[PDB]
Amino acid sequence: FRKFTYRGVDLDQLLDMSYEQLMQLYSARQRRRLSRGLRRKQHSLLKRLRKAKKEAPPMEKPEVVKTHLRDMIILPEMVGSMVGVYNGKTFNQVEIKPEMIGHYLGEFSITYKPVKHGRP
Amino acid sequence: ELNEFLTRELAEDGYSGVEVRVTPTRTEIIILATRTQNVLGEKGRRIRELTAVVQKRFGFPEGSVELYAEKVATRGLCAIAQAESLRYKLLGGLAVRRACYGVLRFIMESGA
Amino acid sequence: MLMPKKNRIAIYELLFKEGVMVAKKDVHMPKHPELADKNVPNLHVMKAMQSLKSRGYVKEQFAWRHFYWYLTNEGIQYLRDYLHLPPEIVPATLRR
Amino acid sequence: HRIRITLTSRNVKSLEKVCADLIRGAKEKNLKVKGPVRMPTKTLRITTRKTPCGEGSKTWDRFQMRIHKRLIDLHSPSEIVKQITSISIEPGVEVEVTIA
Amino acid sequence: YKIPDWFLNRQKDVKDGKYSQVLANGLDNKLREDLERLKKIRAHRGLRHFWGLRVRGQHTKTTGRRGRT
Amino acid sequence: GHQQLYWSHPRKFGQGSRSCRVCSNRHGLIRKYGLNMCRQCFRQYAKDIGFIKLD
Amino acid sequence: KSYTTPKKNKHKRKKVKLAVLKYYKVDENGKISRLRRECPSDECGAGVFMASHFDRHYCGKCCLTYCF
RNA sequence: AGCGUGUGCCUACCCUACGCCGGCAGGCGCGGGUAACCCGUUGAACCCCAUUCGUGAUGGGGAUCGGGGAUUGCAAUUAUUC
RNA sequence: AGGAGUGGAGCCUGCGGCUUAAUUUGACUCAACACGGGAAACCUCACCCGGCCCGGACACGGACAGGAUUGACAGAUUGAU
């Protein structure tokens, strides 16, 4: 029932932000990630990945576009999206919640299995 | 690297070693072998090809490298030449004890 | 080996200008240092002179990481009737 | 002119012999010459394991490379310096001449 | 009272976004809701905190024997 | 895009950007004084370079 | 190695029968007509030509793709 | 204090005095050294002197864990390092 | 005769075991176990899940200048423009 927020600003305001102050709203590692340079060297995948986020169906649940990139900064442009991220074997489908901004897709997809021991 | 290159190439003529002597604006590398008539080839073809490959590999100015080949006396007192001779005698097909006795008798006939 | 015709020719008049050829065994290198005026990698040189070795016109030697090739008289004659040469030009390794 | 001649080599006996030859030439040419200044030597130590694999007692090798350097000053024009340095040079000794 | 902002144990909080030093029961409440938020978003850190293992990324083959019997 | 993806991974650093100048093995490199060999090739070729055992 | 999954194939390239004679049109009079487009770049002056697609015209190597 | 090391081959990546900004981690202009020449008279630690502490799992010990800020690198989440 | 200790406490690292798509592997008393100069985020990499190129020389027979063959932009498909 409560209204969701991230450093006090709202979701509509978070969509209506630019990257220059998104550095200061983000944390230290995420500001360095945005401030490294132009995203072209290894990040044409990141560019066209946000184009794939921008590509939208009609009023249903969005289609699950799947990735191989585990080091993505969660952006306000992809709130309420579905993505199946690679963990080595399968693609872990996940809802991008509006509490996750400032994280990585490699955190919500566990790579190893939970270990259940037996006998020596 | 130079000594390795010549001990791979000149395994037939009894290679021993190199001697690189430095001169103002000149480098020359003395080659001591056994068959000094065979290292040169016909009208010095092979020595010219060796100068050319050294100049093109080691990054030297053109015309600054001149190789010289000379023969050494007392072939039985060189360990590398007798080892190469025993290798050639075993590779052509011979008894190993026969070749070892022959090369040892040659070495002690050379005055060791 | 897919290879442009101009690179084959240019390698051949380099091989006939001076009767030796050297190359380092690496395939991920963009341009040959001696042919910096044009554009050809080391892979073309390695595979072309490997083909010419297999047809039997050069020697072969590997010291540390570099190649060493030496022309023979059948290789000389093959380059003389491949490059359309009148009988008056010889590589410098044969003359004094 | 302030002419400095630097000699750097690896052997010590041939270095001392060629330094004695140069100072003998400077003494017989009757000009002011500084003495053979002996810089402190430098050692190049490379310590490595003896075995190629990881089996055996932990034994290590100790390699060294001693480098000896001398410098002798002269008061003469340049042609005398070249004609006295290009006489009876040793193969294992480097000679290197500059002018300040 | 002229205390600089880098002397605080809770700088740039994830909910309200202001520098505020928190005290004992507030510290326990903030840590509890932070772990609850991590478990709700189901991150790797929240999953390791829920399981009760080492979360900072260190070797657990030998150290940490008194976790269970 | 094989011409662009053949060597697209950067090799400006790391131990795969270095290699021995004799056998080209990326293990146990000697980067002191620019020998750039492995330890076994250094022990093989140490005597004729000028390194001797005295200590 | 024959596996239970289906095996892919390289693209075989379809063979055209005398395509250059389809570019130049020869009528009964003394004139020559150019059906498809030409090349405007400085690398290829008048030599290579463009593709006859349904919604664009693609250059052979200069990549001057003009879409309608 | 004494052993050392220091601008590299295709090979890009050195050691740093001085001045300013910031608690600090760090950032920017300027110069030196291919070296008994510059870092550097290598103002190192343990020690010495003087306060605070007082036998208390304590100002011992710093494991575990949360938040923030910098640097390297194309990329750090399974926390690179600080 | 002694000194510092270790073995008990927390932590780093290596090995066995268990788990796992994979948790690559050699070494098991001295003479295996901060050993392979092995302080692996990518390369290392030799293990697993997926996709590109031939870097299959040379000889023989087909094949072919009326085309043996190389490369690619609109859009879908993964993972990759």
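Can you tell me which residue within segment C:1-37, out of those that are part of a loop (DSSP other than H, G, I, E, B) and of a type in the set (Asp, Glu), is nearest to RNA strand H (Cβ to nearest atom)?
Top of the filtered list is C:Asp26.
Provide a single number: the residues in segment F:5-21 that are of a type in the set (S, T, N, Q) and either within 7 Å of RNA strand H (Cβ to nearest atom) or surrounded by 12 or more Cβ atoms within 10 Å (Cβ to Cβ) (or both).
The number of residues fulfilling the criteria is 2.
Any residue at all in segment B:86-93 that's in contact (Cβ under 8 Å) with a residue 40 or more places away in the chain and not in a helix (DSSP H, G or I)?
no
If the requirement is being closer than 21 Å to F:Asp55 by Cα and surrounded by 11 or more Cβ atoms within 10 Å (Cβ to Cβ), which of these qualifies: D:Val12, D:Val33, D:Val18?
Criteria check complete, one pass: D:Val12.
Could you run through segment C:1-28 and say how many residues are in contact with a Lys or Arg (Cβ under 8 Å, 6 or more places away or on another chain) and of a type in the set (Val, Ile, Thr)?
2
Output the residues belonging to segment A:63-86 that are outside any strand (DSSP E or B) and surrounded by 15 or more Cβ atoms within 10 Å (Cβ to Cβ).
A:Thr67, A:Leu69, A:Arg70, A:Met72, A:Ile73, A:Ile74, A:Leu75, A:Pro76, A:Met78, A:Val79, A:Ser81
Please go through segment F:9-42 and pick out each residue that is within 13 Å of chain D (Cβ to nearest Cβ), near RNA strand I (Cβ under 6 Å from one of its atoms), in a loop (DSSP other than H, G, I, E, B) and at negative phi.
Hit for segment F:9-42 is F:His27, nothing else.
Would you confirm, using the coordinates I've provided, whether A:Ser109 is surrounded by 12 or more Cβ atoms within 10 Å (Cβ to Cβ) and closer than 27 Å to F:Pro10 by Cβ?
yes
Being within 17 Å of the chain's Cα centre (by Cα), within 10 Å of another protein chain (Cβ to nearest Cβ) and outside any loop (DSSP other than H, G, I, E, B) is the filter here, so list the residues in segment A:1-26 that pass it.
A:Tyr6, A:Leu25
Scan (1) within 16 Å of RNA strand H (Cβ to nearest atom); (2) over 10 Å from the mean Cα position of the chain (by Cα) for the single condition A:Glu63 breaks and write down its number.
(1)
If you check every pair at least six apart or on different chains, which have Cβ atoms under 9 Å apart with a residue in segment A:30-46 that is within 24 Å of F:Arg11 (Cβ to Cβ) first and a residue that is of a type in the set (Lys, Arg) and part of a helix (DSSP H, G or I) second?
If the second residue must be of a type in the set (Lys, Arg) and part of a helix (DSSP H, G or I), the pairs left are A:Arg39/A:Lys47; A:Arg40/A:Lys47.
Residues of segment B:12-46 being assigned to a loop (DSSP other than H, G, I, E, B) and surrounded by 13 or more Cβ atoms within 10 Å (Cβ to Cβ), which ones?
Answer for segment B:12-46, where residues must be assigned to a loop (DSSP other than H, G, I, E, B) and surrounded by 13 or more Cβ atoms within 10 Å (Cβ to Cβ): B:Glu12, B:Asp13, B:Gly14, B:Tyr15, B:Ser16, B:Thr34, B:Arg35, B:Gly41, B:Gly44.
Please go through segment E:7-46 and give me each residue that is more than 9 Å from RNA strand H (Cβ to nearest atom), touching a helix residue (DSSP H, G or I) at 6+ places or on another chain (Cβ under 7 Å) and of a type in the set (A, V, I, L, M), ordered by number.
Scanning segment E:7-46 gives a single hit, E:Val22.
Within segment B:1-11, take every residue that is surrounded by 18 or more Cβ atoms within 10 Å (Cβ to Cβ) and within 8 Å of another protein chain (Cβ to nearest Cβ) and give me the one that is farthest from F:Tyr45 (Cα to Cα).
Ranking the qualifying residues of segment B:1-11, first place goes to B:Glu9.
Restricting attention to segment A:27-38, report how many residues are surrounded by 11 or more Cβ atoms within 10 Å (Cβ to Cβ), within 7 Å of RNA strand H (Cβ to nearest atom) and assigned to a loop (DSSP other than H, G, I, E, B).
1
Which members of segment E:13-69 meet the condition of being within 16 Å of RNA strand I (Cβ to nearest atom) and either among the β-branched types (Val, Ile, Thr) or within 11 Å of chain A (Cβ to nearest Cβ) (or both)?
Correct list: E:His44, E:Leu47, E:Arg48, E:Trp51, E:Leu53, E:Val55, E:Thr60, E:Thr62, E:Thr63, E:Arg68, E:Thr69.
Where the second residue is of a type in the set (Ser, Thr, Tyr) and part of a loop (DSSP other than H, G, I, E, B) and the first is at the interface with chain B (Cβ under 10 Å from one of its Cβ atoms) and lies in segment C:58-74, which pairs have Cβ atoms under 8 Å and are six or more apart or on separate chains?
Qualifying pairs under 8 Å: C:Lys59/C:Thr72; C:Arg65/F:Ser24; C:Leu71/C:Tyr57; C:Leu71/C:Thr93.
Got a sec? Which of A:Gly102, A:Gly80, A:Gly88 is touching a residue at least 40 places away in the same chain (Cβ under 8 Å) and out of contact with any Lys or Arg (no Cβ under 6 Å at 6 or more places or on another chain)?
Only one candidate qualifies: A:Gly102.
From F:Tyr6, F:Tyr45, which residue is within 12 Å of chain D (Cβ to nearest Cβ), out of contact with any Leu (no Cβ under 8 Å at 6 or more places or on another chain), farther than 19 Å from C:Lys24 by Cα and hydroxyl-bearing (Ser, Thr, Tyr)?
Exactly one residue qualifies, and that residue is F:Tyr45.
Which residue pairs have Cβ atoms closer than 8 Å, lie 6 or more positions apart in sequence or on different chains, and pair a first residue in segment D:54-65 that is within 8 Å of RNA strand I (Cβ to nearest atom) with a second residue that is part of a strand (DSSP E or B)?
Here the result reads D:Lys58/D:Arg49; D:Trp60/D:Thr47; D:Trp60/D:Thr48; D:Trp60/D:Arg49, each pair linking segment D:54-65 to a residue that is part of a strand (DSSP E or B).
From (1) more than 14 Å from chain B (Cβ to nearest Cβ); (2) farther than 23 Å from B:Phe58 by Cβ; (3) without any contact (Cβ under 8 Å) to a residue 24 or more places away in the chain, pick out the condition that doesn't hold for C:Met29.
Of everything listed in (1) more than 14 Å from chain B (Cβ to nearest Cβ); (2) farther than 23 Å from B:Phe58 by Cβ; (3) without any contact (Cβ under 8 Å) to a residue 24 or more places away in the chain, C:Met29 misses just condition (2).
Here is a check on your reading of the model: is D:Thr48 more than 16 Å from the chain's Cα centre (by Cα) and within 16 Å of RNA strand H (Cβ to nearest atom)?
yes
Can you work out which of the residues in segment A:102-120 that are within 20 Å of the chain's Cα centre (by Cα) and more than 6 Å from RNA strand H (Cβ to nearest atom) is farthest from the other protein chains (Cβ to nearest Cβ)?
Checking each candidate, the answer is A:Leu105.
Can you pull out every residue in segment E:1-12 that is surrounded by 12 or more Cβ atoms within 10 Å (Cβ to Cβ) and more than 11 Å from every other protein chain (Cβ to nearest Cβ)?
Answer for segment E:1-12, where residues must be surrounded by 12 or more Cβ atoms within 10 Å (Cβ to Cβ) and more than 11 Å from every other protein chain (Cβ to nearest Cβ): E:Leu8, E:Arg10.
On the given criteria, is C:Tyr70 in contact with a helix residue (DSSP H, G or I) (Cβ under 8 Å, 6 or more places away or on another chain) and surrounded by fewer than 15 Cβ atoms within 10 Å (Cβ to Cβ)?
The answer is no for C:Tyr70.
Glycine also receives a Cβ, built like all others from the backbone with ideal geometry; neighbour counts cover every protein chain displayed. No lab work stands behind these numbers, since they all come straight from the coordinates.
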